[PDB]
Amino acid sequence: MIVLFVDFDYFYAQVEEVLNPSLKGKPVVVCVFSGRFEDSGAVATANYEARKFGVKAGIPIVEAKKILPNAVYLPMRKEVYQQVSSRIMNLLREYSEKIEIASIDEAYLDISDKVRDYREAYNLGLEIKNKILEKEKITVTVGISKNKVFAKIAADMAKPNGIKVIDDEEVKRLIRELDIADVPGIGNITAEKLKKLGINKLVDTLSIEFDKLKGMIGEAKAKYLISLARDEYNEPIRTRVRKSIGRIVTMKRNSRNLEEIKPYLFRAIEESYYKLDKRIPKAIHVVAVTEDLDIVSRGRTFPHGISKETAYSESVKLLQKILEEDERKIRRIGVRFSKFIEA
(Lines of atoms letter the chains of each structure in order from A and count residues from 1; the text may use other names and numbers.)
(Lines give C-alpha, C1' and ligand atoms only; values in the text may rest on other atoms or scores of the structure.)
Protein backbone atom coordinates (compact mmCIF):
# COMPACT_ATOMS: atom_id res chain seq x y z
CA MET A 1 0.00 0.00 0.00
CA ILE A 2 1.56 3.23 -1.25
CA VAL A 3 0.04 6.72 -1.07
CA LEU A 4 0.40 9.80 -3.27
CA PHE A 5 -0.07 13.11 -1.49
CA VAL A 6 -0.67 16.30 -3.51
CA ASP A 7 -0.25 19.80 -2.11
CA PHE A 8 -0.73 23.01 -4.12
CA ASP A 9 2.51 24.69 -3.88
CA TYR A 10 1.26 27.73 -2.45
CA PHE A 11 -2.08 28.32 -3.71
CA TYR A 12 -3.78 31.56 -3.30
CA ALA A 13 -0.97 34.05 -3.82
CA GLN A 14 0.16 31.77 -6.62
CA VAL A 15 -3.17 31.74 -8.50
CA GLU A 16 -3.28 35.49 -7.97
CA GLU A 17 -0.04 35.67 -9.92
CA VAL A 18 -1.19 33.32 -12.60
CA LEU A 19 -4.07 35.61 -13.49
CA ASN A 20 -2.24 38.89 -13.10
CA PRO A 21 1.09 38.37 -14.91
CA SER A 22 2.40 41.75 -13.77
CA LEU A 23 2.74 40.35 -10.24
CA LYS A 24 5.43 37.68 -10.38
CA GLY A 25 8.96 38.76 -9.58
CA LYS A 26 7.50 40.48 -6.53
CA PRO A 27 6.42 39.53 -2.99
CA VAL A 28 2.62 39.08 -3.06
CA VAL A 29 0.46 38.97 0.08
CA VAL A 30 -3.08 37.67 -0.21
CA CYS A 31 -5.02 38.68 2.89
CA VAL A 32 -8.48 39.27 4.43
CA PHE A 33 -9.84 42.72 5.30
CA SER A 34 -12.67 43.57 7.70
CA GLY A 35 -13.17 47.28 7.01
CA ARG A 36 -12.28 48.80 10.34
CA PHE A 37 -9.01 49.91 11.81
CA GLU A 38 -8.45 51.07 8.29
CA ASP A 39 -6.11 48.15 7.36
CA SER A 40 -7.93 45.74 9.68
CA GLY A 41 -7.71 42.05 8.93
CA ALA A 42 -5.23 39.18 8.80
CA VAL A 43 -2.98 37.50 6.20
CA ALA A 44 -4.41 34.52 4.35
CA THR A 45 -1.30 33.60 2.39
CA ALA A 46 1.78 34.95 0.60
CA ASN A 47 4.27 33.68 -1.98
CA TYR A 48 7.72 32.43 -0.86
CA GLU A 49 9.09 35.71 -2.13
CA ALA A 50 7.06 37.29 0.72
CA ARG A 51 7.70 34.63 3.39
CA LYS A 52 11.44 35.27 3.43
CA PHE A 53 10.80 38.46 5.34
CA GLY A 54 8.42 36.86 7.78
CA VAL A 55 5.04 37.77 6.33
CA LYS A 56 3.49 34.39 7.18
CA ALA A 57 -0.23 33.56 6.86
CA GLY A 58 -2.33 34.44 9.88
CA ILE A 59 -0.59 37.59 11.10
CA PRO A 60 -2.17 41.04 11.49
CA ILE A 61 -2.05 43.00 8.23
CA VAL A 62 -0.63 45.88 10.27
CA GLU A 63 2.37 43.77 11.18
CA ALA A 64 2.89 42.52 7.64
CA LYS A 65 3.21 46.10 6.45
CA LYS A 66 5.73 46.52 9.25
CA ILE A 67 8.21 44.11 7.65
CA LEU A 68 7.31 44.02 3.96
CA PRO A 69 5.70 47.44 3.35
CA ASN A 70 6.59 47.56 -0.37
CA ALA A 71 5.16 44.08 -0.99
CA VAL A 72 1.94 43.65 -2.99
CA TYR A 73 -1.20 43.31 -0.84
CA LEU A 74 -4.16 41.81 -2.62
CA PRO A 75 -7.63 41.18 -1.22
CA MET A 76 -8.68 37.56 -0.70
CA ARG A 77 -11.11 35.98 -3.20
CA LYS A 78 -12.14 32.50 -2.05
CA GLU A 79 -14.51 32.36 -4.98
CA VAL A 80 -11.70 32.55 -7.58
CA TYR A 81 -9.54 29.94 -5.89
CA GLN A 82 -12.38 27.58 -5.07
CA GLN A 83 -13.00 27.13 -8.83
CA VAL A 84 -9.35 26.56 -9.72
CA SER A 85 -8.98 23.93 -6.97
CA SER A 86 -12.27 22.47 -8.05
CA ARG A 87 -10.61 21.89 -11.43
CA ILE A 88 -7.32 20.35 -10.29
CA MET A 89 -9.11 17.92 -8.00
CA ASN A 90 -10.96 16.58 -11.03
CA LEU A 91 -7.82 15.66 -12.95
CA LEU A 92 -6.32 13.59 -10.09
CA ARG A 93 -9.72 12.01 -10.07
CA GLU A 94 -8.79 10.28 -13.35
CA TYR A 95 -5.51 8.85 -12.07
CA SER A 96 -7.09 7.00 -9.14
CA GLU A 97 -10.64 6.09 -8.21
CA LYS A 98 -9.75 6.11 -4.47
CA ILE A 99 -9.28 9.83 -3.80
CA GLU A 100 -9.68 11.94 -0.65
CA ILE A 101 -9.76 15.73 -0.73
CA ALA A 102 -8.69 17.23 2.60
CA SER A 103 -8.65 20.97 2.20
CA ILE A 104 -8.97 23.36 -0.71
CA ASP A 105 -5.31 22.70 -1.65
CA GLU A 106 -4.67 19.06 -0.76
CA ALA A 107 -5.67 15.55 -1.81
CA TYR A 108 -4.55 12.01 -1.05
CA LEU A 109 -4.16 9.42 -3.77
CA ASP A 110 -4.13 5.65 -3.38
CA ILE A 111 -2.24 3.87 -6.16
CA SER A 112 -1.65 0.60 -4.31
CA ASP A 113 -2.91 -1.62 -7.12
CA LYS A 114 -2.07 0.70 -10.03
CA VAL A 115 1.65 1.03 -9.32
CA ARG A 116 4.36 -1.65 -9.11
CA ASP A 117 6.88 0.15 -6.93
CA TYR A 118 8.21 3.50 -5.73
CA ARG A 119 9.96 3.68 -9.11
CA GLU A 120 6.91 4.10 -11.29
CA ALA A 121 5.20 6.02 -8.49
CA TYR A 122 7.76 8.79 -8.64
CA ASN A 123 7.23 8.76 -12.40
CA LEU A 124 3.51 9.15 -11.79
CA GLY A 125 4.01 12.05 -9.40
CA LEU A 126 5.67 13.76 -12.36
CA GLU A 127 3.13 12.76 -14.99
CA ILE A 128 0.66 14.39 -12.54
CA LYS A 129 2.68 17.23 -11.08
CA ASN A 130 2.81 18.32 -14.73
CA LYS A 131 -0.63 17.78 -16.22
CA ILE A 132 -1.32 20.31 -13.47
CA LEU A 133 1.37 22.98 -14.11
CA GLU A 134 0.09 23.37 -17.63
CA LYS A 135 -3.61 22.95 -17.89
CA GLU A 136 -4.09 25.20 -14.87
CA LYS A 137 -0.57 26.65 -14.80
CA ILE A 138 -0.26 25.72 -11.14
CA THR A 139 2.85 24.31 -9.45
CA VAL A 140 2.47 21.60 -6.79
CA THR A 141 4.44 19.50 -4.30
CA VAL A 142 4.03 15.70 -4.28
CA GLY A 143 4.68 13.28 -1.45
CA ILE A 144 4.84 9.51 -1.50
CA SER A 145 5.05 6.73 1.06
CA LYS A 146 3.30 3.81 2.71
CA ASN A 147 0.66 6.00 4.35
CA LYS A 148 -1.06 9.36 4.41
CA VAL A 149 1.00 10.86 7.22
CA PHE A 150 4.42 10.07 5.85
CA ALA A 151 3.21 10.89 2.35
CA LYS A 152 2.30 14.32 3.68
CA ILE A 153 5.72 14.77 5.29
CA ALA A 154 7.67 13.96 2.17
CA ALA A 155 5.68 16.76 0.54
CA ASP A 156 6.56 19.12 3.38
CA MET A 157 10.27 18.51 3.01
CA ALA A 158 10.33 18.74 -0.78
CA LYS A 159 8.35 21.99 -1.17
CA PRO A 160 8.09 24.17 -3.04
CA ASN A 161 7.62 22.93 -6.60
CA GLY A 162 9.05 19.55 -5.67
CA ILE A 163 8.27 15.86 -5.06
CA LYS A 164 9.94 13.35 -2.68
CA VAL A 165 9.58 9.69 -1.72
CA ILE A 166 9.85 8.28 1.76
CA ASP A 167 10.82 4.65 1.35
CA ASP A 168 10.66 2.07 4.13
CA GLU A 169 14.38 2.11 4.79
CA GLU A 170 14.05 5.90 4.96
CA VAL A 171 10.97 5.84 7.17
CA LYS A 172 12.72 4.13 10.05
CA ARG A 173 15.31 6.87 9.55
CA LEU A 174 12.75 9.68 9.75
CA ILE A 175 11.14 8.22 12.85
CA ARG A 176 14.48 9.06 14.49
CA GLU A 177 15.52 12.33 12.82
CA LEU A 178 12.00 13.71 12.20
CA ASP A 179 11.25 15.81 15.25
CA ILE A 180 9.06 18.15 17.26
CA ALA A 181 6.05 19.94 15.79
CA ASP A 182 7.05 19.07 12.24
CA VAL A 183 4.53 16.27 12.84
CA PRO A 184 1.16 16.55 11.02
CA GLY A 185 -1.53 16.93 13.67
CA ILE A 186 0.62 18.14 16.54
CA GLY A 187 0.22 21.87 17.03
CA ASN A 188 2.44 24.46 18.67
CA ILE A 189 0.91 23.92 22.13
CA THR A 190 1.46 20.16 22.17
CA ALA A 191 5.03 20.96 21.08
CA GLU A 192 5.89 23.65 23.60
CA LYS A 193 4.95 21.03 26.17
CA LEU A 194 6.74 17.92 24.87
CA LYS A 195 9.91 19.85 24.17
CA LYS A 196 10.19 21.12 27.73
CA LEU A 197 10.36 17.47 28.75
CA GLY A 198 13.08 16.47 26.32
CA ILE A 199 10.82 14.79 23.78
CA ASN A 200 12.09 16.19 20.47
CA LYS A 201 12.12 13.47 17.84
CA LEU A 202 9.12 11.25 17.03
CA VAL A 203 11.05 8.48 18.71
CA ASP A 204 11.63 10.11 22.07
CA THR A 205 7.96 9.20 22.56
CA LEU A 206 8.76 5.48 22.54
CA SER A 207 10.97 5.87 25.61
CA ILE A 208 7.94 6.88 27.66
CA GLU A 209 4.87 5.15 29.03
CA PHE A 210 1.64 5.54 27.05
CA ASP A 211 0.01 6.83 30.23
CA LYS A 212 2.63 9.52 31.06
CA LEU A 213 2.08 10.71 27.52
CA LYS A 214 -1.70 10.71 27.87
CA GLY A 215 -1.45 12.89 30.94
CA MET A 216 -0.40 15.98 28.97
CA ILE A 217 -1.58 15.66 25.37
CA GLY A 218 -4.45 13.21 25.31
CA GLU A 219 -5.20 9.58 24.51
CA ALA A 220 -5.88 10.34 20.83
CA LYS A 221 -2.90 12.57 20.36
CA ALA A 222 -0.59 10.04 22.07
CA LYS A 223 -2.00 6.81 20.57
CA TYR A 224 -1.61 8.56 17.21
CA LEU A 225 2.03 9.53 17.78
CA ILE A 226 3.00 6.20 19.28
CA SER A 227 1.29 4.62 16.29
CA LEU A 228 3.76 6.45 14.03
CA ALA A 229 7.05 5.73 15.79
CA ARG A 230 5.89 2.16 16.25
CA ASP A 231 5.23 2.32 12.49
CA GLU A 232 1.75 0.77 12.45
CA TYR A 233 -0.45 3.64 11.22
CA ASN A 234 -3.63 2.54 9.41
CA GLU A 235 -6.03 5.27 8.24
CA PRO A 236 -7.22 4.53 4.66
CA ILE A 237 -8.13 6.92 1.83
CA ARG A 238 -11.90 7.25 1.94
CA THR A 239 -14.11 9.84 0.21
CA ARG A 240 -14.46 12.96 2.37
CA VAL A 241 -17.78 14.50 3.37
CA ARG A 242 -18.81 17.97 4.48
CA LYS A 243 -19.87 17.71 8.10
CA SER A 244 -20.36 21.34 9.10
CA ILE A 245 -20.95 24.15 6.60
CA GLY A 246 -20.80 27.54 8.33
CA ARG A 247 -20.07 31.23 7.83
CA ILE A 248 -18.82 34.04 10.03
CA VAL A 249 -18.40 37.76 9.43
CA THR A 250 -17.06 40.77 11.28
CA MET A 251 -18.77 43.79 12.70
CA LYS A 252 -17.08 47.09 11.98
CA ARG A 253 -18.46 47.41 15.50
CA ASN A 254 -17.64 45.58 18.72
CA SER A 255 -21.21 45.47 20.03
CA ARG A 256 -23.65 43.74 22.44
CA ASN A 257 -26.99 45.31 21.32
CA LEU A 258 -29.16 42.82 19.29
CA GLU A 259 -30.16 45.05 16.57
CA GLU A 260 -26.40 45.85 16.47
CA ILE A 261 -25.69 42.21 15.69
CA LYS A 262 -28.97 40.86 14.32
CA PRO A 263 -28.37 42.18 10.82
CA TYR A 264 -24.89 40.56 10.95
CA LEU A 265 -26.06 37.14 12.09
CA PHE A 266 -28.94 37.34 9.63
CA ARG A 267 -26.32 38.14 6.97
CA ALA A 268 -24.11 35.16 7.71
CA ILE A 269 -27.11 32.93 8.39
CA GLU A 270 -27.89 33.69 4.72
CA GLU A 271 -24.62 32.78 3.07
CA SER A 272 -24.38 29.52 5.00
CA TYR A 273 -27.74 28.31 3.72
CA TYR A 274 -26.47 28.83 0.19
CA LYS A 275 -23.64 26.33 0.75
CA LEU A 276 -25.96 23.93 2.56
CA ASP A 277 -26.80 22.74 -0.91
CA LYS A 278 -29.72 20.39 -0.53
CA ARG A 279 -28.63 19.50 2.97
CA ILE A 280 -30.90 19.66 6.01
CA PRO A 281 -29.08 20.44 9.29
CA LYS A 282 -30.55 19.31 12.58
CA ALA A 283 -27.91 21.17 14.54
CA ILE A 284 -26.91 24.84 14.59
CA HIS A 285 -24.41 26.83 16.67
CA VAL A 286 -23.79 30.56 16.98
CA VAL A 287 -20.05 31.22 17.14
CA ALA A 288 -19.12 34.57 18.63
CA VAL A 289 -15.70 36.15 18.61
CA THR A 290 -15.18 38.69 21.37
CA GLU A 291 -12.30 41.18 21.54
CA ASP A 292 -9.66 39.70 23.81
CA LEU A 293 -9.63 36.63 21.54
CA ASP A 294 -11.36 33.63 23.23
CA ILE A 295 -14.35 32.50 21.19
CA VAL A 296 -17.70 31.59 22.74
CA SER A 297 -20.51 29.41 21.41
CA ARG A 298 -24.04 28.22 22.18
CA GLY A 299 -26.05 25.82 20.02
CA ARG A 300 -28.85 23.30 19.86
CA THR A 301 -29.88 20.08 18.12
CA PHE A 302 -33.37 19.38 16.71
CA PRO A 303 -35.00 16.01 15.87
CA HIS A 304 -35.89 17.40 12.43
CA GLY A 305 -34.31 19.42 9.64
CA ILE A 306 -34.19 23.20 9.64
CA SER A 307 -35.70 25.91 7.46
CA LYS A 308 -33.93 29.23 7.07
CA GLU A 309 -36.54 31.00 9.23
CA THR A 310 -36.40 28.25 11.84
CA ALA A 311 -32.75 29.13 12.04
CA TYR A 312 -33.22 32.93 12.30
CA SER A 313 -35.31 32.45 15.45
CA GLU A 314 -33.05 30.10 17.41
CA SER A 315 -30.14 32.27 16.41
CA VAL A 316 -31.36 35.00 18.75
CA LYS A 317 -32.10 32.80 21.74
CA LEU A 318 -28.67 31.30 21.28
CA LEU A 319 -27.12 34.79 21.05
CA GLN A 320 -28.87 36.08 24.17
CA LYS A 321 -27.77 32.86 25.88
CA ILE A 322 -24.25 34.05 25.04
CA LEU A 323 -24.37 37.72 26.01
CA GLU A 324 -26.00 37.26 29.43
CA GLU A 325 -23.08 34.92 30.22
CA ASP A 326 -20.19 37.21 29.38
CA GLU A 327 -19.26 40.78 30.36
CA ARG A 328 -17.21 41.50 27.21
CA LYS A 329 -18.22 43.16 23.93
CA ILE A 330 -18.30 41.17 20.66
CA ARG A 331 -16.33 41.70 17.42
CA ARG A 332 -17.34 38.92 15.04
CA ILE A 333 -20.48 36.79 15.12
CA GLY A 334 -21.35 33.68 13.13
CA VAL A 335 -23.27 30.44 12.69
CA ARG A 336 -22.56 26.80 11.88
CA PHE A 337 -24.88 23.97 10.89
CA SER A 338 -24.31 20.22 11.11
CA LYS A 339 -25.90 16.82 11.56
CA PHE A 340 -27.28 16.83 8.00
CA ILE A 341 -29.87 14.28 6.92
CA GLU A 342 -28.73 10.82 5.65
CA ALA A 343 -30.03 8.34 3.05
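We call the rigid core the largest set of C-alpha positions that still match within 1.5 Å between the two forms. All residue numbers are counted from 1 along the displayed sequence.
- In a rigid core superposition of the other structures in 8 other deposited structures of this protein, 262-270 and 189-197 differ in how far their CA atoms stray, and the farther one is 189-197.
- Once the structures in 8 other deposited structures of this protein are superposed via the core, the pair 252-260 and 146-154 is resolved in favour of 252-260 as the more displaced stretch (C-alpha RMS).
- In this entry, the higher average B-factor at the C-alpha atoms falls on 288-296, of the pair 288-296 and 55-63.
- Mean CA temperature factor is higher for 233-241 when stretches 144-152 and 233-241 are set side by side in the entry.
- Looking only at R256, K131, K78, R87, the residue with the top Cα B factor in the deposited structure is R256.
- Residue set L178, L126, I248, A102: peak C-alpha B-factor at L178 (per PDB entry).
- Among the modelled residues of its chain, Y224 has a C-alpha B-factor that falls in the lowest third, as given in the PDB entry.
- Sort the chain's modelled residues by C-alpha temperature factor and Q83 lands in the lowest third, per the entry.
- Split the chain's modelled residues into thirds by C-alpha temperature factor. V335 is in the lowest one.
- Among the modelled residues of its chain, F37 has a C-alpha B-factor that falls in the highest third according to the deposited record.
- Ranked against the other modelled residues of its chain, the C-alpha B-factor of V3 as given in the entry falls in the middle third.
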